[PDB]
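K.L.:
pasting an experimental structure with its sequence.
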Amino acid sequence: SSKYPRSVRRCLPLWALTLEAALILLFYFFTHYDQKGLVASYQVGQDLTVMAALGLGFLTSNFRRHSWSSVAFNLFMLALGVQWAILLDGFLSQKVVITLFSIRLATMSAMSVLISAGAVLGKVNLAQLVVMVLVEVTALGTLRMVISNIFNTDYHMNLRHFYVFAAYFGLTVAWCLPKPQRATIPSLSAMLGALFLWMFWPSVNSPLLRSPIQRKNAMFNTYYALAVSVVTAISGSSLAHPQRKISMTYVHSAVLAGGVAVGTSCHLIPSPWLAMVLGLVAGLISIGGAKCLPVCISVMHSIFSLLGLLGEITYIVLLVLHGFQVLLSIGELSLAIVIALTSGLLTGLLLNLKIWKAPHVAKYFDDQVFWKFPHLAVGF
Amino acid sequence: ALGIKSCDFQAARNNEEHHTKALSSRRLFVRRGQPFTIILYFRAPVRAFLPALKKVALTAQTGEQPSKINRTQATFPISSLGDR
Amino acid sequence: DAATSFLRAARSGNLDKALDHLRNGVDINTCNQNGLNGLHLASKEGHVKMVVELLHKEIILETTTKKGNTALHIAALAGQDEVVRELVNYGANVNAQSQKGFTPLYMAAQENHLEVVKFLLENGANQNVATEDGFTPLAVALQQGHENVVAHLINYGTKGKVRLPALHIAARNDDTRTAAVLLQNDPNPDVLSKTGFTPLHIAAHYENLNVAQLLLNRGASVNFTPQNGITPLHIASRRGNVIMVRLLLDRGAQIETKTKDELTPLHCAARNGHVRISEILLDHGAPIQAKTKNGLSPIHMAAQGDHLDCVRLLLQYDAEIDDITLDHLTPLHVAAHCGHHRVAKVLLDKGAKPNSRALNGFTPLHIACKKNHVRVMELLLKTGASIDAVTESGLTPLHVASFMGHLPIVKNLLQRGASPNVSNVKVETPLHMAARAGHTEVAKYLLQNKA
Amino acid sequence: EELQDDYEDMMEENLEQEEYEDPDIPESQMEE
């Protein structure tokens, strides 16, 4: 097989333009438009957009020669995912009325895919990412619809499982990919992205809560848990390292451990000390996973999945205080995990198709595959 | 449409090339690692060479209980991409 | 349409379809709209067998596409290490430049193909060749962040061609097809390696008769003499290649050629014990009394190596049995020095003088007693060697044996009646020699016998 | 490996150019 990348001058433009034309046609046929707090409602969605673009594009840009692709592909995936998620959430919760709240929900749905893509960035091209975006948005919408139909929950309120869904979907897709690093300036850019994610994660911890009191309590808990998690992660990076130094890449992923741990139950926490305890437990679990998971591909995605599972478990624990309820919650969690694994397997099987012109395994984590650089021999 | 009439092993030429000419000119004595030439005759003319080439495979067996794990049996196709 | 099918088969690796199309009459040098022929398409997809088959079909190796890229350029850009090796072995120019000045080394360096970079650098690729924009493989490797390529390019520098020429490799492996393709490309069969040897020298070394005959038919020099004077006939005689010796003599090899040490092929055959080669050379007119810079004749070489049958053959061809070197060493002296009692017996049975004198008056008996060679001593004493013979310094064999401490030789000499009362020019006795070297046992036996 | 014979140094070692030269005349004078 030729290690030189195949020409995508006819596959990628045709695919992207066809997707955009289909999106425009569907918006024309199925979408319709529509006060005092318009700016206040827009600010939450703006924070979600800022996270999804900046933090999730630069957080994976820590690679030595794959930061361009990480950032630009994250932007492209967000732009496609919001547009497709608007239509999918309109279809599965019913025409589609487009509001700021629907834009916020589609932004969360795209954030799920952006989190999943971190396990597969550096090993796929743009068309495979488009396929992953479409399939993952459809699978998350189907999971939310099934949960709403079975457990009598709300379709928009089933978006709380997006941490665990994104993590397991990303791991499952990365498992199916063919088997195959850092620099200072890309690490600083990833630190900027991680800082933005850490600062604005309280917004993503309460976009679905309606009452102001629950949102305020959730933001308090997320803020304190995130502070505790940052302290614990920066402290314990030296413990879980053979060189006895602090790993910047580990910090980039473990800054968010407390926010992930308290994400599903930030409104149920009645006092900030419990949130701080949860953040400390999240940080210690992150240290343990960083020290143990590589022994038994993406370590950060694996510890993110472990943190999401821990957050679900502590939600189960906290829900009892505030038999059949535990069974319903565990069944919902198991259904989410099974659907995420099945959809990840399907997406990985579709991503191995030869028609996508995937990069060679020896050309992984390189921007030279997808980007033009001067003084290069082109073609044969 | 691909019947086999006979198979000429060309014992004399191969034995002279494989330095076994003093053994016999009728039986085929060949040495390992060196090519030997045989001629395969068909009862009927072959219309298309490539499909018929894809339809034929050769098997060499030695011993009373040939097997692939014992390296006493080997099945190989007739093609130019084979491992010489 | 048939040419299109042939190109598609070349691209897809279907060698049978390509061979069928070539048999039907499809032009071998056909190409698509981009100028890529079957060789280019095969090199892009890593089909080594297709490349070999097309090269065997007299395809033009140095064909360039519309971008100026050869097959080697495409193979280096695609990262096909095996195809790059095969193309280089068949004579691809590693320093060829494209329209914009790109080289195969540049294409391998820009795509982080470290193995291809290593192979091209070992095969003579010049990293100092720049494109039309002034960029170098080192510069483009630095630009793209290929750290291993940069490190290897810096470390290698200008080490140059460390590999043999492709014709030498073909002659080593007796590859007649590769050699035929190389000679079709480069008509000269006498290409020189860094050591100075032609591929005919390699063919004679390994007795690769087929490639040697091919080179001799294409116009190779059968008597090509490098600075060291080692002809292919010399190598064939030294290596024991009888059939190669016969082939070289049939093609017109000179038999009296001397190396820088004045070694004839007869000397090389005799020092290694090749009786058949020596007989063939002597039947073709090899001088049997040729002497090297040290005065050694072929019989000296045969006696040095304990080559008994070679000594017999040389003596059968009227060799001087008492030929002397610059040190006046007869072949009997050489046999005594090396301890070859069989060679000494053969020489003595045919009339070699047992009491021949060297420069310092040493007899073969003296040298046999010096080197603790008891069997040679017994054979010489049987054949009339003087047990009381003296050197120019008056040294008896007992003197030398006592000084060297060889107790069994001293015991045998004293049992055969040698007198320990003999004296040197310094009047010293064998007891003096034993006492001056601390040989307690030899001195004790000398005291017990007659001292 | 199995390809060292394609290089100049290994081929030079294999050809054994020292075997085509007269090494020396062994005298080994007994005088101390």
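P.N.:
Yes, it's here. Residues are numbered from 1 along each chain as shown, chains lettered A, B, ... in the order given.
K.L.:
please count neighbours and contacts with C-alpha atoms only from this point.
P.N.:
OK.
K.L.:
ok, and the closest non-adjacent residue to residue A:108?
P.N.:
Leaving aside its sequence neighbours, residue A:108 sits nearest to residue A:48 (C-alpha to C-alpha, 6 or more residues apart in numbering or on different chains; 7.2 Å).
K.L.:
in whichever strand or helix holds that neighbour, what's buried?
P.N.:
Secondary structure from DSSP states H and E places residue A:48 in helix A:38-50. Of all the residues in helix A:38-50, those buried under the rule 16 or more other C-alpha atoms under 10 Å in any protein chain shown are A:42, A:44, A:45, A:46, A:47, A:48, A:49, A:50.
K.L.:
with stretch C:286-301 instead?
P.N.:
Going by neighbour count (16+ other C-alpha under 10 Å), the buried part of stretch C:286-301 is C:286-292, C:295-301.
K.L.:
give me every residue that touches the spatially most central residue of chain A.
P.N.:
In chain A, the residue lying closest to the centroid (C-alpha atoms, centre = their mean) is residue A:115, at 1.9 Å. For residue A:115, the contact set (C-alpha atoms under 8 Å, 6 or more residues apart in numbering or on different chains) comprises A:56, A:166, A:167, A:170.
K.L.:
for residue B:16, same thing?
P.N.:
Applying C-alpha under 8 Å, 6+ apart to residue B:16 gives no contacts.
K.L.:
with residue A:51 instead?
P.N.:
With C-alpha under 8 Å, 6+ apart, residue A:51 has these contacts: A:196, A:197, A:200, A:201.
K.L.:
can I get those residues in a markdown table with neighbour count?
P.N.:
What follows is the contacts of residue A:51, written out as a markdown table (neighbours: other C-alpha atoms under 10 Å in any protein chain shown):
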| residue | neighbour count |
| --- | --- |
| A:196 | 20 |
| A:197 | 26 |
| A:200 | 20 |
| A:201 | 22 |
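K.L.:
and for residue 1, the neighbour number?
P.N.:
Using chain A. 11 (other C-alpha atoms under 10 Å in any protein chain shown).
K.L.:
that's the wrong chain, I meant chain D
P.N.:
With other C-alpha under 10 Å as criterion, residue D:1 counts 4.
K.L.:
please apply the same query to the one 10 residues further on.
P.N.:
Using other C-alpha under 10 Å as the criterion, residue D:11 is surrounded by 20 other residues.
K.L.:
how about residue C:157?
P.N.:
Using other C-alpha under 10 Å, residue C:157 is surrounded by 12 other residues.
K.L.:
equivalent analysis for residue C:429, please.
P.N.:
When neighbours are counted by other C-alpha under 10 Å, residue C:429 registers 21.
K.L.:
my read is that it contacts residue C:419, right?
P.N.:
No - under the criterion of C-alpha atoms under 8 Å, residue C:429 makes no contact with residue C:419, lying 10.0 Å away.
K.L.:
the residue of the stretch 151-300 of chain C found nearest chain D and chain B, how far apart?
P.N.:
In the stretch 151-300 of chain C, the residue that lies nearest chain D is residue C:163 (4.0 Å; C-alpha to the nearest C-alpha). In this view, residue C:163 and chain B are 26 Å apart by C-alpha to the nearest C-alpha, to the nearest Å.
K.L.:
chain neighbours aside, what residue packs nearest to that residue?
P.N.:
residue D:7 (4.0 Å).
K.L.:
any bit of stretch A:60-70 sitting next to chain C?
P.N.:
Yes - Stretch A:60-70 is in contact with chain C by C-alpha under 8 Å from any C-alpha of the partner chain, via residue A:65.
K.L.:
what's the first-to-last distance across stretch C:75-95?
P.N.:
Terminal residues of stretch C:75-95 are spaced 14 Å apart (C-alpha to C-alpha, to the nearest Å).
K.L.:
what are the ranges of the strands in chain A?
P.N.:
Under the criterion DSSP state E, chain A contains strands at A:31-33, A:96-98.
K.L.:
could you export the ones you listed as CSV, including distance to chain B?
P.N.:
Listed next are those as CSV, based on distance: least, C-alpha to the nearest C-alpha, whole Å:
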stretch, distance to chain B
strand A:31-33, 57
strand A:96-98, 58
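K.L.:
now tabulate those in a markdown table and tack on mean neighbour count.
P.N.:
Listed next are the strands of chain A as a markdown table, based on neighbours: other C-alpha under 10 Å:
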| stretch | mean neighbour count |
| --- | --- |
| strand A:31-33 | 12 |
| strand A:96-98 | 17 |
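K.L.:
save those as JSON lines, and put in distance to residue C:149 too.
P.N.:
Formatted as JSON lines, the strands of chain A follow (distance: least, C-alpha to C-alpha, whole Å):
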{"stretch": "strand A:31-33", "distance to residue C:149": "54"}
{"stretch": "strand A:96-98", "distance to residue C:149": "54"}
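K.L.:
coming back round to it: tell me how far the residue nearest to residue A:108 lies from residue A:59.
P.N.:
15 Å.
K.L.:
is any part of stretch C:207-222 close to chain B?
P.N.:
No - applying C-alpha under 8 Å from any C-alpha, one finds stretch C:207-222 separated from chain B by no less than 14.0 Å.
K.L.:
and the closest residue to chain D within the stretch 201-350 of chain A, how many neighbours?
P.N.:
Closest residue of the stretch 201-350 of chain A to chain D, C-alpha to the nearest C-alpha: residue A:297 (32.8 Å). Neighbourhood size, residue A:297 [other C-alpha under 10 Å]: 14.
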